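Single chain ahead, by itself, as structure tokens, in the form deposited in one PDB entry.
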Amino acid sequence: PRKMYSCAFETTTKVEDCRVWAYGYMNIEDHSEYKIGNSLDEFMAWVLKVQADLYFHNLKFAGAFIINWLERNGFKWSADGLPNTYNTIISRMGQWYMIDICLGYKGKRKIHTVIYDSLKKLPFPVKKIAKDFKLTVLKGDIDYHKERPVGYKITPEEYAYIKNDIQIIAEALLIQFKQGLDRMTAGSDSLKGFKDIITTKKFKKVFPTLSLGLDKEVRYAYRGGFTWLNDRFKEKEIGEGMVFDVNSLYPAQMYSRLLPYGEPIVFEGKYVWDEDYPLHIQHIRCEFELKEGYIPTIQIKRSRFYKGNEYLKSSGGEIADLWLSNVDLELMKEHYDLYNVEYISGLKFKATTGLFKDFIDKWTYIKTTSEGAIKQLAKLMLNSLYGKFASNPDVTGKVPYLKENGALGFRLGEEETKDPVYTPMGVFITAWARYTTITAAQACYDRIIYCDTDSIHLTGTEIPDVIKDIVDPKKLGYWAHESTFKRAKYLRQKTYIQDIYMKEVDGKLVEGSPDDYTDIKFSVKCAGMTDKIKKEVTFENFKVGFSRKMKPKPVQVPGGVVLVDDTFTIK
């Protein structure tokens, strides 16, 4: 029986003197078992003996100090097994999921200790988790920048903050495990709950594993959320607008849209209506010109290093090569002018509208009938399922090693690939999601300012007539009027500012209307802008070029990781 602990470290902030000055572990199941010390050597000695599963919140940080220690004490990275070595799962983008430490076997059973990231099961900060789950949290925090030399004695106050931090996580994981959510990720917890509802027998039949090439072709037709800013209102500031958000976007498409399942049938040329294979992805070749008065639809995203959804308005001379779901293709034909269209071939799929209703009915009920902890978990169950279908291909990741200067280094690991769940599903759930947002914005073309996956920003404060019949404060899939603003400024995608009418507070602040309001709250939304930097944004300050050296960023140094301030700039 594998024990489970909730751990944490407290470290120094000096680049030249980076080290762990306090640690702590608590038994997720028995919160009476726990220890707080000031020696990493002492913690690691325990780690090697415990033969259990440990969780750190945001392993990307703690894991650096851990690997640093292992590498200095006879441990080397090893792709799989081999006594006195450790394996890892760090993604190409630097996301840490696991540190497996092996010490050999004994009587044909291996002796080890695996470390995981609790941030993958509960994707929020500790404080937030404390508030939302109704967990006792100590007011304030350690003086993160107080001198702590070798030999430092943890004071009784600091001692309670460490115990509290690890206890908050310990209570959350426990509640989560007592609810049957016993996975490494929240995403996998959803898939388990889903598979538990339709059987691993029906699952396997409904979501077969496609060939490597067949999966790659499907992936060609996958896109993310629709995030677009009207060039017209670009950078210039405006006044008086409204914002509409879809009530649970993804669970809504999954609830009643025609979704794919089963083995695809390959066809040549243009798709012909097939009652049994209602859905399809078509490989087409053409040239196009966005029509006058229509929003761009054909996108290109996630490029080489940095993204920022780019929407083409024309092929401009060159014949384009595209793979589109029938949902995306239908929108393309309306918004653009297509030239010399050549249908090459595609994929047909069986489809149904009832694969997710039971799973969604079950957890939406629990969500509506619960509070705090159980309620946040219900939301996680409902929100993390979509992600499992629109998952990635190769598991190629970063492999650590210790450099001569004492700090960690990383190199690309050998190629490595896993198995898709069912790519066709992720393609169509996002397509319908985009179709929902796009058609609504296009219907309000005259007043449209901005779009971001599940929301639309319009000028004016009056609900458009064409949207009236699909607006609702709580109904699944309906557009909920989320706020009205007196003025705003949009610099770029996901980069805007608004003055929101905030209804008088009868004890607590809410969104108000231009008639019934009390406060005018200023809110900022920006790419990598911290709450510290946001508290310096002003309407004539907010513009491309804005910068400030207050954005902390991790840096591998001997010892482990340290946070340094790096210039954040709105470009």
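Note that residue numbering follows the sequence shown and begins at 1. In this text, rigid core is short for the largest set of C-alphas that superpose within 1.5 Å between two forms.
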- Note on the structure: The stretch whose C-alpha atoms carry the larger average B-factor in the entry, 495-503 or 318-326, is 495-503
- Averaging the C-alpha B factors as listed in the entry, name the stretch that ends up higher: 430-438 or 478-486. 478-486
- Criterion, highest CA B-factor; candidates, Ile166, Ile300, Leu377, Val114: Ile300
- Message: In terms of recorded Cα temperature factor, pick the maximum from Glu275, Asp143, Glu287, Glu342.
- Response: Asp143
- Item | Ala22 by Cα B-factor - lowest, middle or highest third of the modelled chain | lowest
- Task: Can you work out whether the C-alpha temperature factor of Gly63 puts it in the lowest, middle or highest third of the chain?
- Result: lowest
- Note on the structure: Tertile call for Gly354 (CA temperature factor, within chain, third-based) is the lowest
- Item | Position of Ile28 among the chain's modelled residues by C-alpha B-factor, lowest, middle or highest third | middle
- Task: Could you say whether, by C-alpha temperature factor, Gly269 belongs to the lowest, middle or highest third of its chain?
- Result: lowest
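Separately, the form deposited in another entry exists; it is not shown, and the next lines address it.
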- Item | Shifted position (C-alpha, 2 Å or more, core held fixed) between this form and the one not shown, chosen from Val137, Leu181, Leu258, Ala443 | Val137
- Query: Any CA movement of 2 Å or more for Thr396 between this form and the one not shown, core superposed?
  - Reply: yes
- Query: Cα of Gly193 displaced 2 Å or more between this form and the one not shown, core superposed?
  - Reply: no
- Task: Align both forms on the core first, then report whether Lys163 has a C-alpha shift of 2 Å or more between this form and the one not shown.
- Result: yes
